[PDB]
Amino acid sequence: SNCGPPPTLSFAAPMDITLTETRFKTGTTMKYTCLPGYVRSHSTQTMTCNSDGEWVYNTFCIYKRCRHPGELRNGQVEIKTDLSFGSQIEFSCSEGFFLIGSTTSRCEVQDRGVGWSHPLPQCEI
């Protein structure tokens, strides 16, 4: 009637290392930090062990979001969805012009935050 090892999360890592003991005591709460690329959506950053013996929590980290890549002069930037971490964008030129640079960009971890895996292409004559 008690708690097994912690379930791997897509958005957070422990603060005090996991030796993955065969079990944990009912009621123990474990401290989590945000993975690179994520920020916090909730005040409290943890997960406890309830009376049944499972970890119970909220989703405390969500995606960081890149800024706009800039105004593509004489071309258009296609945001399928958003600029949220690991979202791809695609660029493209007007009929007069051709693309010099990259056609795709990914929102990626760039040291202390999220940036653009490739910079703005240019639309040349």
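Numbers for residues come from their place in the sequence shown, where the first is 1.
Asker: Comparing 30-38 with 52-60, which stretch shows the greater average C-alpha B-factor in the deposited entry?
Answerer: Mean CA B-factor is higher for 52-60.
Asker: On average, which has the higher Cα B-factor in the deposited entry, 82-90 or 42-50?
Answerer: Stretch with the greater average CA B-factor: 42-50.
Asker: Is the Cα B-factor recorded for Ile125 in the lowest, middle or highest third of its chain?
Answerer: Within its chain, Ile125 is a middle-third residue by C-alpha B-factor, going by the deposited values.
Asker: For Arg23, does the deposited CA B-factor place it in the lowest, middle or highest third of the chain?
Answerer: Highest third, going by the recorded CA B-factors of the chain.
Asker: What third of its chain, lowest, middle or highest, does the C-alpha temperature factor of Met15 fall into?
Answerer: For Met15, whose C-alpha B-factor we compare with every modelled residue in the chain, the answer is the highest third.
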